[PDB]
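S.K.: Model the structure of this input:
(chains A, B, C, D, E, F, G and H, ligands or ions: 7)
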Amino acid sequence: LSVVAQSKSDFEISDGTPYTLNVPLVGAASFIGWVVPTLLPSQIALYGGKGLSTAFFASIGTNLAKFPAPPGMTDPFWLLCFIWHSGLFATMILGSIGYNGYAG
Amino acid sequence: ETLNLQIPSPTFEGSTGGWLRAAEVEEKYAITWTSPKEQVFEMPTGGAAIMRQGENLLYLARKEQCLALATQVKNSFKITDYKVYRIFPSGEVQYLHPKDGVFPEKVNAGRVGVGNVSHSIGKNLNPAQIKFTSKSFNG
Amino acid sequence: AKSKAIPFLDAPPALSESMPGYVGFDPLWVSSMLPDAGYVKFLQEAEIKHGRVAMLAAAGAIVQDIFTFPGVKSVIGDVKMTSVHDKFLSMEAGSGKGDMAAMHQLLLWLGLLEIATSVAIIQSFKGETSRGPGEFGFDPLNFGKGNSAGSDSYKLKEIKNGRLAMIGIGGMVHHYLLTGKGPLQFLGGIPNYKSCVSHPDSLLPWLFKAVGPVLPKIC
Amino acid sequence: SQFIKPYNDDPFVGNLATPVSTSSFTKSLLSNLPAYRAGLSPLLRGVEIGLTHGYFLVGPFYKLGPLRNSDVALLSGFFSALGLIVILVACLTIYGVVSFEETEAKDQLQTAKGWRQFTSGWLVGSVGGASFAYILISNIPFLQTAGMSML
Amino acid sequence: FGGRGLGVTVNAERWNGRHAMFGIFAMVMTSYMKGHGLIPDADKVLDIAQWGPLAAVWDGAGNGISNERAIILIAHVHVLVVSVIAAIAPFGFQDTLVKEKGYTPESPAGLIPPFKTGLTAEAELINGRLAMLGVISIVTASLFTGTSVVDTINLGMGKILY
Amino acid sequence: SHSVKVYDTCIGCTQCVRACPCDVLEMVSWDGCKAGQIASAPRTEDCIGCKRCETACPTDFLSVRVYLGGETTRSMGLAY
Amino acid sequence: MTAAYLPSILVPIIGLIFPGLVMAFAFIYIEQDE
Amino acid sequence: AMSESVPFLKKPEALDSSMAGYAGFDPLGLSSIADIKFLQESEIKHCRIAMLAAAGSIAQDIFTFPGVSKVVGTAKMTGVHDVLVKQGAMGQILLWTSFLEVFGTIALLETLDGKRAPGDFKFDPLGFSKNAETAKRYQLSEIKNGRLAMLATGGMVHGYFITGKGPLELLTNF
Ligand code: CLA
Ligand code: CLA
Ligand SMILES: CC1=C(C#C/C(C)=C/C=C/C(C)=C/C=C/C=C(C)/C=C/C=C(\C)C#CC2=C(C)C[C@@H](O)CC2(C)C)C(C)(C)C[C@H](O)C1
Ligand SMILES: CC1=C(C#C/C(C)=C/C=C/C(C)=C/C=C/C=C(C)/C=C/C=C(\C)C#CC2=C(C)C[C@@H](O)CC2(C)C)C(C)(C)C[C@H](O)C1
Ligand SMILES: CC1=C(C#C/C(C)=C/C=C/C(C)=C/C=C/C=C(C)/C=C/C=C(C)/C=C/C2=C(C)CCCC2(C)C)C(C)(C)C[C@H](O)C1
Ligand SMILES: CC1=C(C#C/C(C)=C/C=C/C(C)=C/C=C\C=C(C)\C=C\C=C(C)\C=C\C2=C(C)CCCC2(C)C)C(C)(C)C[C@H](O)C1
Ligand SMILES: CC1=CCCC(C)(C)[C@H]1/C=C/C(C)=C/C=C/C(C)=C/C=C/C=C(C)/C=C/C=C(C)/C=C/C1=C(C)CCCC1(C)C
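M.R.: Numbering: from 1, shown residues only, chains lettered A, B, ... in the order given. Ligands and ions are numbered 1, 2, ... in the order given. What follows is the structure:
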């Protein structure tokens, strides 16, 4: 949140050009936009009957219970999180492009 | 005659190929020229710039860069109105080219010959003859 | 320039003389080690901070001998000074295995206070603030008669008691290291090493290894 | 909108104004680092840089040095880090001798007196930061392992 | 270069003298300390497994450095680290190993600098010159007589040490 | 700097002067040859040593000769 | 070996301190204007 | 000027006296890192959720809704959440709170634009704030109660994590 959708601090993406990074709006919208389709369930062993977002959230909970121990190589945590983060980064990138550039 | 520092530079978006700290502490070269058009040329240090109609001015690090650009403007845009200067960090500006108003490939009166040797190249002195002697090998 | 504390020696250059607690005693010129203007203020704050902790520490050791709060004796046992810090740490999580958190809780609350004071030290050092060293404004019962900073007479008393406490608490800790008696018991035993009360070894035990081989090791 | 521009309005200088180079966030970091922070003497700049560098130096020597599996690993890690610091201080000293001529001014790093102050600060800070890292690692079992004490 | 106070200078004379006076004191102390057996576990040879191959000394048996020599070396390390810090970052009032180069050199002492009873630069030079001579004397006596330096210090001092 | 010499076999073709990238050479008047002109080297402090002048020269052995000498910033071609 | 302490004294000095000092002073000599 | 809360520290520049709940307490200067209007709305949103949570914990110990006991027999606070996630009671709440937060995002944008005051959704059905002098007290009281509720909620849930009985039961039998 270097700059939010407001004229607070004089932020400049570069030497002399101010540019409003819309970190609240883009981060929130990208998060929700990616999560709602991702909820789609699937009776696949990786998901376990949940969606990707719900399974990823469940994987954080099950590995946080064994807090010092990390998830193992065959643990579904590593696959679920990587796919979820890759989609989130892609929808954040596309969201930043759409909102900052098209402005509407 | 002296460089008018206020001449507008050709439009350019910047590059990493420009001059470095040695230009601001040892010497810089400047070139001016007149363009009849607002046209794109190639910078010696990088990409493309646009010379403005009227008088242009650039700053480069090497004399060869100013002359490579001069060769280019003359060959393509037929601009023979280019003057090359050397600038020292003391503010002293030294006119360089063309040194007496006439291009070097054209003869001019009042030019004194430097480096001219009265015999042919095969008539030089052997190194042994001038060993432990200050005498020059050019006869 | 001649110092009052040491008449022959040249007066410390950096020290103002208008500062509280100044008798001219800075032979090693620690005040001049950093050229920055705020550094002398940093030194003054440190002295008071070292003094204030020491003052509490001195009283605390004495009071711990005089009496203990209800129930403490049962858990810790008969450990007396630094040994109680070690015992508590053994029974706290992270440091050890147990159901106690006395040392960790003290550190958490003291740490929150110290982060705020740290910002104050930085601001005073760079000259942003007009606050003098140690002036945190804590005078709930009026004593300075309208200023928490206090009069020069009182601040002299604070600085000198703090210096005295630093020496005294150091003595008490060191005396517990060999006799294991604690402040009051050691005072009662003017001839000591004749009788030594056993003390569990400190968390830093390598330092107490050159007693027997190089030193006499009377204890 | 365009994010890349000539450096300090000069199209013919050998630099560009890119977000990594000249953003507000980048400007804030560079300006607040001890090397560039305003209001710092050259000695204090040396002290802050020295504390940082000496502190991290101890760790690689201790964990990966020849005596890593011995019970004297931390002492070896401190001595090797200190040895490196002594060599680095000599590198700073010789650089100061050749690079700067003697002048009255002492408030700037790029002066002979100022560089000497930076070296004095860096030496003390590196010894102090390496010493602090030594005390912390000696006493806390989490730091001795990679956090592996919890497993 | 050599205009920084190095070479044969009153500055070098004083600094070497200061080290020699300390060295005489240290040799007296080490002779007394070892004589009373106050160096812990001196006979033991340091193990290569614990302390690395640096410990190896390649003598006929054991092939490892003794604990005593290691302890004495560590004392010298302690003072040497102080020395490096003092040279690079000296105290404000302290004399400096290297001089500014625009410094005015102090006059050479000559055969005998003027006698000053109080602590003074004169007394420091007189004692420092004497101590440097003493270090040479003790080493040469140990070489020619064939005894250890520790014994020579004891014998010169009348066995007071031990 | 580099040392540049012009020998009296120069036919005054001006080719060395046109080929020089650093404006070291120029043409002066001379009665020796048919063209009435000879090459000259008044600005050898700017000579980078490229030897494009020698490449341009058509006399059987070069009338213009470059002798590489002490290096400077100008003759090393350093823009830094 | 007789005088067996000598290699462990001289090899670090010859191998580390001697080159470190000749490099330091050679660097000073080759980078001085006068 | 000095901070009123921390006397030794300088007054935080980003903060102002007009803002409700202002005591000068920003020792770490986090107001510089992010816009104050965003933080102000964030604080009130946390305050309102925390206030509801603390009241809920007390109410849940005092009484339960009809038939709730059959689904959850022994679970007291965090425990009822897991069984009611499968019952879909928590699922339904999540859906409707998320639905309100969608319009919350538009409100947050209006705040950042500067037209909208932080934390104002114009929900005053009973006209409590009509006088405009009672309004200042109400705005302050809301901020203060919410701050206490954040501390209270965390304090209560942690008490449950140790002694699993809830806040009122802990008070009765320690
Ligand atoms: C992954 C999610 C996603 C996708 C696919 C799109 C796609 C699109 N957006 Mg949207 N947008 C998103 C998230 C996304 N957006 C979010 C989160 C926000 C809010 C912050 C917005 C806000 C926004 C605005 C305000 C506007 C758009 C517009 C557009 C269109 C053209 C501009 C553009 O971004 O080019 C993207 C071009 C493409 C996607 C097509 C190219 C095809 C290649 C293969 C791209 C693939 C990229 C990547 C691999 C796909 C990942 C999918 C998934 C795995 C994550 C395009 C249909 C503009 C438009 O046209 O209006 C309707 C417009 O005005 N978007
Ligand atoms: C450096 C100071 C210091 C340290 C590290 C300790 C640490 C400890 N003490 Mg000791 N103690 C201290 C000072 C200190 N005390 C002082 C100043 C007193 C009173 C004169 C005591 C009296 C005391 C007793 C009687 C007992 C302990 C005990 C203990 C142990 C358990 C914690 C506890 O119950 O403390 C409780 C301590 C207190 C409640 C005293 C707090 C007095 C405060 C600090 C002074 C007033 C502060 C001031 C008014 C406002 C400060 C804030 C201001 C700066 C803004 C622990 C190892 C217990 C123990 O294990 O016995 C062996 C125990 O029974 N302490
Ligand atoms: C500031 C402020 C406030 C406050 C406050 C407070 C809590 C003030 C606390 C002040 C205290 C505790 C001062 C104590 C200093 C101790 C000294 C000088 C003793 C050192 C020991 C020596 C010399 C010794 C020794 C010994 C040796 C080594 C051997 C041992 O075996 C034994 C022996 C003991 C003989 C209040 C709230 C009032 C408000 C006010 O508006 C402002
Ligand atoms: C605004 C709006 C509307 C509305 C509305 C609403 C829903 C208003 C609701 C407001 C609420 C619910 C406020 C609740 C605050 C609770 C607090 C501060 C907690 C205190 C607990 C403590 C300190 C404790 C504790 C404990 C700790 C931590 C550990 C425990 O083990 C034990 C223990 C118990 C000791 C209406 C409809 C009225 C109209 C109006 O026109 C506009
Ligand atoms: C908690 C914990 C620990 C702990 C601990 C603590 C608290 C350790 C305490 C350490 C202290 C305070 C030592 C004091 C040293 C003071 C000395 C040597 C003399 C100073 C004054 C002088 C020289 C005066 C000089 C002079 C005088 C005479 C007057 C003239 C002028 C002047 C030159 C000023 C452990 C380590 C046990 C670990 C364990 O896990 C538990
Ligand atoms: C600054 C300052 C001070 C202070 C102070 C301090 C240190 C205050 C500390 C406040 C803290 C640390 C609150 C912590 C947590 C709040 C929580 C956990 C709410 C949790 C909800 C949960 C856990 C639900 C979780 C869950 C649910 C049901 C679903 C299942 C899973 C599960 C995880 C169990 C003072 C005291 C000096 C005063 C001074 O004037 C100002
Ligand atoms: C985290 C992270 C996340 C995002 C990306 C990222 C930014 C790249 C990355 C950062 C990574 C990096 C690079 C993090 C780097 C972190 C580093 C190197 C931190 C260094 C800290 C130094 C300390 C605490 C020194 C203390 C010395 C003291 C207290 C003095 C002690 C002494 C003195 C003199 C006084 C007397 C006593 C003694 C003990 C002698």
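S.K.: which residue sits closest to residue 22, ignoring its sequence neighbours?
M.R.: I'll assume chain A. Distances taken as CB to CB, 6 or more residues apart in numbering or on different chains place residue A:5 nearest to residue A:22, at 4.7 Å, with adjacent residues excluded. Placement of C-beta: from N, CA and C, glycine included.
S.K.: actually chain D
M.R.: Nearest to residue D:22 is residue A:15, by CB to CB, 6+ apart, at 4.2 Å.
S.K.: Pretty sure the one you found sits in a helix.
M.R.: No - per DSSP: H, G, I helix; E, B strand; the rest coil, residue A:15 lies outside any helix segment and is coil.
S.K.: In contact with it: list those residues for me.
M.R.: D:5, D:7, D:8, D:17, D:21, D:22 (CB atoms under 8 Å, 6 or more residues apart in numbering or on different chains).
S.K.: Can you give me the neighbour number for the residue nearest to residue A:22?
M.R.: 20 (other CB atoms under 10 Å in any protein chain shown).
S.K.: coming back round to it: which one of the contacts of residue A:15 sits closest to ligand 2?
M.R.: Closest approach between the contacts of residue A:15 and ligand 2, by CB to the nearest ligand atom: residue D:22, at 45.1 Å.
S.K.: ok, now how distant is that closest one from ligand 5?
M.R.: Here residue D:22 is placed at a distance of 51 Å from ligand 5 (CB to the nearest ligand atom, to the nearest Å).
S.K.: How many neighbouring residues does that residue have?
M.R.: 23.
S.K.: who are the neighbours in contact with it?
M.R.: Counting by CB under 8 Å, 6+ apart, residue D:22 touches A:14, A:15, D:7.
S.K.: picking up where we left off before, between the contacts of residue A:15, which is closest to chain F?
M.R.: Chain F lies nearest to residue D:7 out of the contacts of residue A:15, by CB to the nearest CB, at 15.9 Å.
S.K.: Helices of chain C, residue ranges please.
M.R.: Assigned by DSSP state H, the helices in chain C fall at C:39-66, C:72-76, C:82-90, C:102-125, C:152-178, C:183-188.
S.K.: Tell me who's in contact with the nearest residue to residue C:178 once chain neighbours are set aside.
M.R.: In space, and not counting its chain neighbours, residue C:178 is closest to residue C:219: 4.8 Å by CB to CB, 6+ apart. Going by CB under 8 Å, 6+ apart, residue C:219 touches C:178, C:179, C:193, C:196, C:211.
S.K.: contacting residues for the closest residue to residue A:94 other than its chain neighbours?
M.R.: Among residues not flanking residue A:94 along the chain, residue A:30 sits closest, at 7.9 Å (CB to CB, 6+ apart). Residues in contact with residue A:30 (CB under 8 Å, 6+ apart) are A:88, A:91, A:92, A:94, A:95, A:96.
S.K.: so which helix or strand takes in the fourth one?
M.R.: Element membership of residue A:94 [criterion: DSSP states H and E] is helix A:76-96.
S.K.: Please identify which of the contacts of residue A:15 is nearest to residue B:107.
M.R.: Taking CB to CB as the measure, residue B:107 lies nearest residue D:7 of the contacts of residue A:15, at 44.5 Å.
S.K.: Send me the helix holding residue A:94 as CSV with only the CA atoms.
M.R.: Output of helix A:76-96 as CSV, limited to C-alpha atoms (Å, rounded to 0.1, in the frame of the first residue of the first chain):
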residue,chain,number,x,y,z
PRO,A,76,-1.1,-31.3,-1.2
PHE,A,77,-0.2,-28.0,0.4
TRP,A,78,2.6,-27.2,-2.2
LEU,A,79,0.5,-27.9,-5.3
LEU,A,80,-2.7,-26.1,-4.0
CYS,A,81,-0.8,-23.0,-2.8
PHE,A,82,1.4,-22.7,-6.0
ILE,A,83,-1.7,-22.9,-8.4
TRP,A,84,-3.7,-20.5,-6.1
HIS,A,85,-0.8,-18.0,-5.9
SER,A,86,-0.2,-18.2,-9.7
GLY,A,87,-3.8,-17.5,-10.4
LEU,A,88,-3.9,-14.7,-7.8
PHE,A,89,-0.7,-13.1,-9.3
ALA,A,90,-2.2,-13.3,-12.8
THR,A,91,-5.5,-11.7,-11.8
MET,A,92,-3.7,-9.1,-9.8
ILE,A,93,-1.6,-8.2,-12.9
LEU,A,94,-4.6,-8.2,-15.1
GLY,A,95,-6.5,-6.2,-12.6
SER,A,96,-3.8,-3.6,-12.2
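S.K.: Summarise which helices and strands it is packed against.
M.R.: For helix A:76-96, the packing partners by 3 or more CB pairs under 8 Å, 6 or more residues apart in numbering or on different chains; DSSP states H and E come out as helix A:23-38, helix A:52-65.
S.K.: Take these and write them to TSV, including distance to ligand 6.
M.R.: Listed next are the helices and strands packed on helix A:76-96 as TSV, based on distance: least, CB to the nearest ligand atom, whole Å:
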stretch	distance to ligand 6
helix A:23-38	18
helix A:52-65	8
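S.K.: ok, the residue in chain H that ligand 7 sits nearest to - how many residues close by?
M.R.: Closest residue of chain H to ligand 7, CB to the nearest ligand atom: residue H:33 (15.1 Å). Residue H:33 has 12 neighbours, counted by other CB under 10 Å.
S.K.: Count the residues that sit near the closest residue to it other than its chain neighbours.
M.R.: Nearest in space to residue H:33, with sequence neighbours left out and distances taken as CB to CB, 6+ apart, is residue A:1 at 7.4 Å. Neighbour count for residue A:1, taken as other CB under 10 Å: 12.
S.K.: Shouldn't residue B:58 be within a strand?
M.R.: Yes - judged by three-state DSSP, residue B:58 forms part of a strand.
S.K.: can you tell me which residues contact residue 26?
M.R.: Here I'm looking at chain A. By CB under 8 Å, 6+ apart, the neighbours of residue A:26 are A:92, A:95, A:96, A:99, A:100.
S.K.: I was thinking of chain H, sorry if that wasn't clear
M.R.: By CB under 8 Å, 6+ apart, the contact set of residue H:26 is H:3, H:12, H:14, H:15.
S.K.: Return the closest of those with respect to ligand 6.
M.R.: residue H:3 (12.5 Å).
S.K.: For residue E:152, give its distance to residue E:142.
M.R.: Per CB to CB, to the nearest Å, residue E:152 is found 5 Å from residue E:142.
S.K.: where's the residue nearest to residue C:178 relative to residue C:211, distance?
M.R.: Distance of residue C:219 to residue C:211, given as CB to CB: 7 Å.
S.K.: Need the overlap of contacts for these two.
M.R.: Contact with both residue C:219 and residue C:211 is made by residues residue C:178, according to CB under 8 Å, 6+ apart.
S.K.: For chain D, give me its nearest residue in chain H.
M.R.: residue H:32 (10.3 Å).
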